[PDB]
Amino acid sequence: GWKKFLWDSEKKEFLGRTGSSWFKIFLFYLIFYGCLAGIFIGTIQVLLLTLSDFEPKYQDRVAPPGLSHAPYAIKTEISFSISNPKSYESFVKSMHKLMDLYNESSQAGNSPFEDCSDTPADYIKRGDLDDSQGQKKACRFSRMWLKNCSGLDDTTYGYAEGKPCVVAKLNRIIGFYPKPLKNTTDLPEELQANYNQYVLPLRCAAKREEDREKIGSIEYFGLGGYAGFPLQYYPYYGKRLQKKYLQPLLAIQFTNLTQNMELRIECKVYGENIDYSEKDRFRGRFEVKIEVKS
Amino acid sequence: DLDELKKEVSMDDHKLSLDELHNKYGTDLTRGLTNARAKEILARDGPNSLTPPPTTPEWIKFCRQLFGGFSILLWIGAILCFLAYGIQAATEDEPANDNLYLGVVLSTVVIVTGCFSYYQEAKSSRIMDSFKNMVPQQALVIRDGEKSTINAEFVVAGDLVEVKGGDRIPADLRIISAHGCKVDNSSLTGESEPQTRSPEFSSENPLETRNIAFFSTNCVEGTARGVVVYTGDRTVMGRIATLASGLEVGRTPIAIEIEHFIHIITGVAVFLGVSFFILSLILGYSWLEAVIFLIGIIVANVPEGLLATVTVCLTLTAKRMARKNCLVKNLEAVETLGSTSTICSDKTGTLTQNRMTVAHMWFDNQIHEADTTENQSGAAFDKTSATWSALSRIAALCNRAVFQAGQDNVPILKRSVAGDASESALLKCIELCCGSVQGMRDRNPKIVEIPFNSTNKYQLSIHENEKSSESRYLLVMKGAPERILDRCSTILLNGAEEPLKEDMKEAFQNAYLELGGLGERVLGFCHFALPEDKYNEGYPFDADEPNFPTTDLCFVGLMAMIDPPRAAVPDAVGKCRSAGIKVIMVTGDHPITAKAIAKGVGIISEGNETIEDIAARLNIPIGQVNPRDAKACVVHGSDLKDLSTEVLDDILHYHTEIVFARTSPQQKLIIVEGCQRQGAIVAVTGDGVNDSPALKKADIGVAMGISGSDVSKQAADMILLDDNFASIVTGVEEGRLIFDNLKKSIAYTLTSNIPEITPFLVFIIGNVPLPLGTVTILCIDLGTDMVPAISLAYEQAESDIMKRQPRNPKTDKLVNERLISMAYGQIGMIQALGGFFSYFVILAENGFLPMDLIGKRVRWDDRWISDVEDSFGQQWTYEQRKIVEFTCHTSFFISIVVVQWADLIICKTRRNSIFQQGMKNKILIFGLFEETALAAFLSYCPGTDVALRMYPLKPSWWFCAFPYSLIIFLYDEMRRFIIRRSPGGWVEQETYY
Amino acid sequence: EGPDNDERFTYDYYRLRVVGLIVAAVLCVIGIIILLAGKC
Ligand SMILES: *[C@@H]1O[C@H](CO[C@@H]2O[C@@H](C)[C@@H](O)[C@@H](O)[C@@H]2O)[C@@H](O[C@@H]2O[C@H](CO)[C@@H](O[C@@H]3O[C@H](CO[C@H]4O[C@H](CO)[C@@H](O)[C@H](O)[C@@H]4O)[C@@H](O)[C@H](O[C@H]4O[C@H](CO)[C@@H](O)[C@H](O)[C@@H]4O)[C@@H]3O)[C@H](O)[C@H]2NC(C)=O)[C@H](O)[C@H]1NC(C)=O
Ligand SMILES: CCCCCCCC/C=C\CCCCCCCC(=O)OC[C@H](COP(=O)(O)OCC[N+](C)(C)C)OC(=O)CCCCCCC/C=C\CCCCCCCC
Ligand SMILES: CCCCCCCC/C=C\CCCCCCCC(=O)OC[C@H](COP(=O)(O)OCC[N+](C)(C)C)OC(=O)CCCCCCC/C=C\CCCCCCCC
Ligand SMILES: CCCCCCCC/C=C\CCCCCCCC(=O)OC[C@H](COP(=O)(O)OCC[N+](C)(C)C)OC(=O)CCCCCCC/C=C\CCCCCCCC
Ligand SMILES: CCCCCCCC/C=C\CCCCCCCC(=O)OC[C@H](COP(=O)(O)OCC[N+](C)(C)C)OC(=O)CCCCCCC/C=C\CCCCCCCC
Ligand SMILES: CCCCCCCC/C=C\CCCCCCCC(=O)OC[C@H](COP(=O)(O)OCC[N+](C)(C)C)OC(=O)CCCCCCC/C=C\CCCCCCCC
Ligand SMILES: CCCCCCCC/C=C\CCCCCCCC(=O)OC[C@H](COP(=O)(O)OCC[N+](C)(C)C)OC(=O)CCCCCCC/C=C\CCCCCCCC
Ligand SMILES: CCCCCCCC/C=C\CCCCCCCC(=O)OC[C@H](COP(=O)(O)OCC[N+](C)(C)C)OC(=O)CCCCCCC/C=C\CCCCCCCC
Ligand SMILES: CCCCCCCC/C=C\CCCCCCCC(=O)OC[C@H](COP(=O)(O)OCC[N+](C)(C)C)OC(=O)CCCCCCC/C=C\CCCCCCCC
Ligand SMILES: C[C@@H]1O[C@@H](O[C@H]2C[C@@H](O)[C@]3(CO)[C@H]4[C@H](O)C[C@]5(C)[C@@H](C6=CC(=O)OC6)CC[C@]5(O)[C@@H]4CC[C@]3(O)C2)[C@H](O)[C@H](O)[C@H]1O
Ligand SMILES: *[C@@H]1O[C@H](CO)[C@@H](O[C@@H]2O[C@H](CO)[C@@H](O)[C@H](O)[C@H]2NC(C)=O)[C@H](O)[C@H]1NC(C)=O
Ligand SMILES: CC(C)CCC[C@@H](C)[C@H]1CC[C@H]2[C@@H]3CC=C4C[C@@H](O)CC[C@]4(C)[C@H]3CC[C@]12C
Ligand SMILES: CC(C)CCC[C@@H](C)[C@H]1CC[C@H]2[C@@H]3CC=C4C[C@@H](O)CC[C@]4(C)[C@H]3CC[C@]12C
Ligand SMILES: [Mg+2]
Ligand SMILES: [Mg+2]
Ligand SMILES: [Mg+2]
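Chains as they are written, first to last, in PDB author numbering: chain B, 12 to 305; chain A, 31 to 1023; chain G, 4 to 43.
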């Protein structure tokens, strides 16, 4: 048994078959699998011929845009000691990774960058989604616009003395026009003052009614000094039609934060084509658990 | 319970005297025992009743059904699933509950299968309990010189016991005085006729002597006395029953096939796991993860639904059997008949009817044959001559037996008749084609009868003649043909009379040897018209002197008789021989009768010859002929007792038509074992207690239902409630049919394996988003798939199944490498490619091209990256990309169903084409329709993306798997074509299951 | 088109589910018909 089914010397068999058999079977499987591979590849090429390079055919799984931020929180919690420096390094490293892309050295010349209104403005259509005109042009977004959180002055961005910052960002969608709420009698309380039509508002608050008191003064930084995103930076023509494109950003400083206690802060954007989800906690809004323990 | 002392052949103290007997057990031959002494012994050793069987509680067999070989594999699978869940709970936070679901599901599968399998064996046990009809019985014992009837349970060793024709022998008696007493030794020893019990001793073998009455036997006619020698379980049939219970059970062929099947499934499962474990450790992953990968791949390679499918498969073929009156106690005993290659049968009660019947008749220098079949389905014998009428008057008058009161309902052959077996057979034949004997008998009044004498060797009687024109006297007499031939001088030829010249005397001698050589017993009937001038109507012929002329009578004709075989016995034996099944007769009857029945049923084909037949045809001694020139052999039991192991092997190895005669039950067991030692499956068909040790050790026992004994009925595996023997042919046919279908269904449930594991393998090696989820694999293996696999059982034959030779056990298996090469190698591969095709299509239409998917799982899974760039530059949140992955699981599952369509069609037939066999199987059609409706239901019903995580599909996706399916169909069609045109070629020894 | 291109982000899943159920139902019935056709 053990020995024979391995190698017998009368029938000159190895494992069961002869020399010419292992070859007939190996050759058959090689030809068979080769044909299988060629067929799968052909059916995948016709699939590549069925899609366009300048636009995703289906854009419904990304209709209501998200609201992400600069720090990378594991459980949406920002916890660090104001004494131990090796505590907020993971935050500054990320923040830096994000702002490191808005460097002026990167944004230079006429191509492919263009100077836009220093004050919020309206949409800008650079034509259709074609290759007729070459690479479209995107508006420049300066670092300095974000005043106390830019890492140009206080590299750390705040985390050094109990005053962290949080750079919010709107998820990039192709052909998406942000639309703000109009001035009519139904509008939230908050939004009434400073209604620049051209600005998509971002306003943070506290999840529970108690926590209001323990969160101090939310100081937002942005284009024009407003707490929102200027409509002039839209729409997005996609990577292929607009490489070197920068999306607006909004900084939020949580000054006067109570020490040694977990604070739940929910930030939210307001607008027509913006809708939230009870299942996805990043669709339009976002949550952060700040705790400056020192 | 020493088995070797129970395996030995019975010994006894028969060869003794009445004084030695009374001196050994202690007993008055004329006064019996004393009541005080009787009770002293009754309390000293135990009542004269066999021990009850070893009761089997129901929770024991329920736990039995919960275990086994397949259910055990599913048990270890559930255990592994919970182990991997524990590790994920103690090692990581937010552990997914996929594994805990899969484990409770596997446990439920095992429990449900156990409940169903247990319920069936209980059903059979209830209908089995409705047959033990036990009416208490009381014996007649003589104590202190008085006759008393006491319960059978109070008889002891030593007292005097009297029996009477119609009662049952209580214990093992030693006859001391008899009065023409006969007993039926059919169940214990196998003797078709009633052996007379005489106080004198005759043979060295206790079963052959006449001075011993046995347990469970019955006294047909006469009365006798005897001293109880053996009592209780220590009796003959007691040692036989105890031996039967103390024999092992075995392990059927279907079970061994399932075991070797699990052997292969685990071989390839632990191979893929230990290998992708070293491979994952070589790619950087940590140990904690690799262990989960090993368990996941091994558990993934376990068929969870093949258990329920196989159980339902086996269950379906058993109902077909219960419809034709063939009941199986276990569930796998349904396949053993088809795999049998050597059937050892019994003669008395199985091959025959154990009822004496008038077979052949002599009259008008011509042999006439009568119908000797249970339901009377045959040829009449020409009832138009006067000779036959006179014969009917002779037999119907010169006969003293009469039907038992109250049989006005049963048929003419199955009713009870009080008398000898010869007068009963004659009475039944006359009552059969001559109408009511009761009026035939009152139509002619019997005046004087001289009973059968040991010296006269004849039975005669005179009666009045019902001729209203002839008032003479009729005289009739029957007896041995030689004695009656010496008393005639005329012959009733075609009605008229003629002299007895030597021409007809020689025709009578050849007729005597013709009916005699047929193994039948012949009798002669003659009559004469007494002259009313010498014996007027008033003269009384008192039975004292010669009042009737002994000689000068008128011989009318001979009448033979023998126990005939059951209706479908010859046809069934022929059908079994046609299927290549060796039929070997094994019986404890006289060889002169066994050989005749063998030739009459087909065991000894007409033309074949024994060594004695050759010595008789040549007129030379038997020690000169060579035994190789003899195809058939008759082995006597006395000679069987003195034979080595090799000799029996050679007996079965050189003789094709074997008949074992005069073999004891222990020898029957030895013969069955001699058949197994080589390597063939054995099926023993019997009825009495002597067959109990033979039916138990055989691979499959078949007991008769009406004519069988309770012990052999409880020790058998299959019961024939109608006593029809053709059911054996039906069984051997179904046993094959249900085998080729299991092969097809297994290849079906194994083909889906590959498109179920490949997604995960490419997930770990290529780092692409998970293609096939867990609740989808479950919706495939335990949902859609079940109905089609169950339907594959309803497939009809392709070629004649009752024509091919029996499957070789050592080479043709149930699951070979030729199947694995198809399911795991060729079809499953195409199905996996089709699934991946639909996958890439879904992700390419939403924005994730194939070049950007390789290398993303680390960020595609991360729960905190709300900005994942796709091939076009769009930013996708975490929940948004997860919805697409789930929709990819839904379409992958639908692709599986689409390719399963062509797999269920190419699995329908193994060799033949679809345009030949045909889609006449309505269940398979229903399986396809339902399989599609369920997939559409699981995707389109609201709240499924919440409960099961399956999102709706856009109508253009459903068509991504169609080309792969058509290709599967064309490939298998050309496959099943070269096999037909090219028999024995490469495609056959490489791809033919 | 232009600014009010809201349709480019909408899909009528409702109507799709309704139709897919109608179809599933029909296939289910047909199945039953085939299964019991002969036992009557
Ligand atoms: C985008 O801008 C980033 C900042 O640019 C600076 O400020 C802008 C406004 C301009 O003025 C520009 O010209 C400036 O450079 C730019 O990142 C910067 O890159 C330089 C070059 O590597 C870094 O300088 C090095 O600093 C380290 C120590 O850094 C400490 O502070 C930083 C935070 O600022 C911490 O992250 C560190 O852990 C340290 O705590 C020095 O040790 C190092 O020494 C090297 O140079 C000296 C000579 O000066 C040599 O003798 C040595 O051998 C070394 O070769 C450098 O001095 C600078 O830290 C870094 N800034 C930040 C904030 O990290 C970024 O690269 C730009 N990106 C793109 C894509 O354009
Ligand atoms: C991300 C990538 C995806 C990866 C997916 C992988 C999916 C896995 C798919 C298939 C699993 C394959 C595993 C091997 C299966 C072998 C089947 C097997 O073991 O079945 C058992 C048979 C027994 O059969 P029986 O009962 O009829 O025997 C009767 C003998 N009597 C009667 C004479 C006594 O035993 C035999 O066949 C004898 C054993 C023969 C073993 C051959 C081993 C070949 C394995 C690999 C070869 C690779 C080489 C590649 C290089 C080629 C050169 C270019
Ligand atoms: C691009 C897309 C790729 C898709 C690939 C997957 C395809 C798989 C699905 C279907 C394949 C269909 C194959 C068609 C085969 C037809 C064969 C045929 O017709 O052979 C004729 C037979 C032979 O007759 P005979 O001479 O032996 O008769 C003797 C009568 N005497 C005895 C009285 C004389 O006749 C008979 O079988 C009797 C009549 C039977 C009629 C059957 C009709 C039903 C056929 C298919 C059902 C549809 C399933 C659809 C599944 C989708 C669900 C949504
Ligand atoms: C011969 C014999 C023939 C017999 C044929 C029988 C066929 C039976 C056919 C149909 C009955 C199927 C069951 C019906 C289920 C109704 C569920 C329902 O009406 O849900 C409506 C609501 C959805 O509301 P919404 O849109 O506001 O939710 C918004 C949620 N947001 C916004 C958070 C995402 O549900 C919810 O909320 C909660 C959802 C609860 C989930 C229940 C689903 C059950 C799960 C598995 C069982 C399926 C096993 C397969 C059996 C196959 C049998 C053949
Ligand atoms: C004859 C033909 C038969 C055809 C039938 C097809 C056979 C199906 C075979 C296997 C499928 C069974 C697998 C069971 C899956 C259970 C999944 C489960 O328990 O998931 C737990 C989820 C939790 O999810 P999460 O963490 O995302 O929640 C986050 C919530 N936050 C974030 C808002 C807090 O809770 C929920 O979904 C809550 C809703 C609970 C839904 C239970 C549905 C049970 C479905 C089937 C069981 C009965 C089948 C019996 C039929 C056998 C047929 C032979
Ligand atoms: C022998 C076995 C026989 C088996 C027969 C089984 C019976 C089959 C039962 C039903 C199938 C018919 C289904 C018809 C449904 C049409 C419904 C409809 O209105 O659907 C429109 C969609 C277009 O969707 P969209 O995404 O463009 O718009 C989405 C727009 N929103 C989402 C905004 C609303 O279209 C679709 O679903 C296309 C529907 C699929 C088209 C049917 C293709 C038939 C394929 C082969 C048969 C060829 C037979 C040749 C005859 C030979 C005779 C000898
Ligand atoms: C993209 C391409 C689409 C093409 C569509 C083509 C459709 C063609 C339509 C019908 C096919 C023709 C009808 C065939 C009737 C043949 C009748 C016959 O007498 O046959 C007998 C021969 C077998 O002879 P033998 O010597 O081996 O017998 C040996 C017997 N012994 C072993 C006892 C000695 O049978 C054979 O050769 C059968 C071998 C036929 C293999 C060809 C399979 C064609 C593939 C698909 C058909 C379409 C069905 C599915 C519909 C999908 C709709 C979307
Ligand atoms: C998306 C999925 C697509 C899948 C498509 C798969 C297509 C690939 C199909 C077949 C390619 C494999 C061809 C292999 C040829 C080399 C094999 C070889 O070296 O073989 C040698 C033998 C000759 O040796 P011997 O027997 O004389 O020696 C006796 C020796 N002793 C005793 C061991 C028997 O060869 C022979 O016997 C001849 C046997 C040749 C094998 C015929 C198999 C044909 C199967 C399928 C073709 C149909 C494609 C239909 C597709 C329609 C697409 C729309
Ligand atoms: C012997 C002869 C036998 C014959 C038997 C015939 C049986 C009857 C046959 C067919 C009945 C058809 C019923 C059609 C029901 C339409 C319901 C429907 O279209 O509901 C759709 C909407 C949910 O849309 P959504 O906006 O949430 O979409 C998600 C959007 N997102 C995720 C993007 C946000 O519903 C809702 O809101 C409210 C839903 C309320 C619950 C409705 C329950 C329907 C469930 C099962 C019935 C279907 C069984 C069919 C038979 C199949 C047998 C296997
Ligand atoms: C690399 C690794 O990937 C992820 O985990 C992976 C391992 C493990 O977690 C599971 C869930 O337990 C596995 C499980 O083991 C085996 C399966 C039950 C298996 C079977 C189907 C079947 O029928 O029988 C067996 C096929 C895949 C499977 O269905 C799941 C799929 C989800 C996954 O989650 C994947 C996590 O992201 C993890 O954090 C990261 O380390
Ligand atoms: C920041 O919060 C502090 C409280 O932590 C506020 O200062 C307190 O004001 C009360 C009077 O209302 C005094 O009794 C406390 O002594 C003050 N505490 C400190 C530490 O100054 C302060 O007004 C808040 N400032 C802003 C801008 O919100
Ligand atoms: C019936 C079977 C054997 C035919 C299989 C044909 C195979 C070999 C054919 C079908 C489609 C073909 C591919 C189609 C498209 C491309 C893209 C091009 O930029 C390079 C060649 C490449 C990659 C082809 C290579 C060969 C290919 C895969
Ligand atoms: C015997 C063979 C050839 C029949 C093949 C029938 C196929 C083509 C049928 C069976 C089930 C059908 C699908 C069932 C359900 C739906 C959902 C509906 O909203 C659009 C049509 C769509 C997507 C159907 C398209 C055609 C389909 C896939
Ligand atoms: Mg018998
Ligand atoms: Mg048995
Ligand atoms: Mg499986």
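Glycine residues also receive a C-beta, built at the ideal position from the N, C-alpha and C atoms.
Worksheet item: Looking only at its own chain, which residues have a Cβ that is under 6 Å from the Cβ of residue 870 of chain A, when we skip the five neighbours before and after it?
Response: In its chain, beyond the 5 residues on either side, 880 have a beta carbon closer than 6 Å to the beta carbon of residue 870 of chain A.
Practice prompt. Could you tell me whether the Cβ atoms of residue 383 of chain A and residue 399 of chain A are closer together than 8 Å?
Written response: Cβ distance not < 8 Å, so residue 383 of chain A and residue 399 of chain A don't count as in contact.
Worksheet item: Name the chain B residues whose beta carbon is nearer than 7 Å to that of residue 801 of chain A?
Response: Chain-order list of chain B residues neighbouring residue 801 of chain A: empty, with the shortest C-beta distance near 14 Å, by a criterion of under 7 Å.
Worksheet item: Can residue 555 of chain A and residue 421 of chain A be called in contact, C-beta distance under 8 Å?
Response: Contact flag set, yes.
Worksheet item: If you pair each beta-carbon of the region 182–202 of chain A with each one of the region 217–226 of chain A, do three or more pairs fall below 8 Å?
Response: The way I'd put it, the region 182–202 of chain A doesn't touch the region 217–226 of chain A; fewer than three beta-carbon pairs between them come closer than 8 Å.
Practice prompt. Answer yes or no: do residue 5 of chain B and residue 299 of chain B have a C-beta to C-beta separation smaller than 8 Å?
Written response: The displayed coordinates of chain B run from 12 to 305. Any statement about residue 5 of chain B would go beyond what the structure contains.
Worksheet item: Would you say residue 43 of chain G reaches chain A, if we count a Cβ-Cβ gap shorter than 8 Å as a contact?
Response: False, the Cβ-Cβ gap to chain A never drops below 8 Å.
Fill in: Segments of 4+ residues assigned as alpha helix (DSSP H) that fall wholly inside the region 123–153 of chain B
The qualifying runs do not exist here; there are none.
Practice prompt. Specify whether the region 286–300 of chain A and the region 77–95 of chain A touch according to this definition: at least 3 beta carbon pairs, one from each stretch, less than 8 Å apart.
Written response: Note that the region 286–300 of chain A does not touch the region 77–95 of chain A; fewer than 3 beta-carbon pairs, one per stretch, sit closer than 8 Å.
Worksheet item: For the region 70–101 of chain A, which residues have a beta carbon sitting closer than 8 Å to at least one beta carbon of chain G?
Response: With the criterion set as a beta carbon lying under 8 Å from some beta carbon of chain G, the region 70–101 of chain A has no members that meet it.
Worksheet item: Do residue 174 of chain B and residue 269 of chain B have their C-beta atoms closer together than 8 Å?
Response: No. Outside cutoff.
Item to complete: Please compile the residues from chain B whose C-beta is within a distance smaller than 9 Å of the C-beta of residue 904 of chain A.
Response: Neighbours of residue 904 of chain A in chain B, taken as residues whose beta carbon is under 9 Å from its own, are 67, 70, 73, 182, 183, 184, 185, 247, 249 and 250 in chain order.
Discussion item. What would DSSP say about residue 547 of chain A, mapped onto helix, strand or coil?
Written reply: Note: residue 547 of chain A maps to helix in three-state DSSP.
Worksheet item: Is the region 841–858 of chain A touching the region 345–364 of chain A, taking contact as three or more C-beta pairs under 8 Å?
Response: No, the region 841–858 of chain A is not in contact with the region 345–364 of chain A.
Fill in: Residues near residue 937 of chain A in its chain [Cβ-Cβ closer than 7 Å; skip 5 each side]
Scanning its chain for C-beta atoms nearer than 7 Å, with the 5 sequence neighbours on each side dropped, one finds around residue 937 of chain A the residues 774, 777, 778 and 822, in chain order.
Worksheet entry | residue 214 of chain B - partner residues in DSSP beta bridges | DSSP output for residue 214 of chain B lists B:279 as bridge partner(s).
Practice prompt. Please indicate yes or no: does the CB of residue 363 of chain A lie closer than 7 Å to some heavy atom of ligand 4?
Written response: Outside the cutoff, so no.
Practice prompt. Give every residue of the same chain whose Cβ lies closer than 7 Å to the Cβ of residue 1021 of chain A, excluding the five residues on either side of it in the sequence, and list them in chain order.
Written response: These residues qualify, in order along the chain: 848, 851, 852 and 1005.
Worksheet item: Along the chain, which unbroken stretches of the beta strand (DSSP E) at least 3 residues long are found entirely within the region 225–250 of chain B?
Response: Runs found: 226–232 and 239–241.
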